[PDB]
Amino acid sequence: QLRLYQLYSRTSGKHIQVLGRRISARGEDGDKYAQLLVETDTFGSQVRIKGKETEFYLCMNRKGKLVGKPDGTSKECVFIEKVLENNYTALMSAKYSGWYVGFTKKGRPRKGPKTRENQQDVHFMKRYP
């Protein structure tokens, strides 16, 4: 299943942007770089996230850095989607368990190794523009 939406960062107050190679969470509602095509496998656990504008996939490299890439074949470009008890959604790397997609209050992306599930930095709400 394919779906289109935006991811609102609990800490940054803005939406995730796939600007190209660079990833950020400073998108106003409706920002063209914040429109995300999200692919969900038949199990419902794993997702690929693609910026609709740039066509770059959101991925996490070995250094734990979030980065956009044109090629989304890598397992670094897959995330496990968890709806938490607090009703936010988190995105854990499928390649690097225990590492999460996250951002600072200024929308700067965080390093996987330095994250964990209970951090607000890694919490998101889904949004249908």
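Counting begins at 1, following the sequence as shown.
Of the two segments, 54-62 and 88-96, the one listed with the higher mean B-factor is 54-62 (C-alpha atoms only). The mean Cα B-factor in the deposited entry runs higher for 35-43 than for the other of 35-43 and 99-107. For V67, the recorded CA B-factor ranks within the lowest third of the chain. Only modelled residues enter the ranking.
Ranked by C-alpha B-factor against the other modelled residues of its chain, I80 falls in the middle third.
Annotation for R116: CA B-factor lies in the middle third of the chain's modelled residues.
When all modelled residues of the chain are sorted by CA temperature factor, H15 is found within the lowest third.
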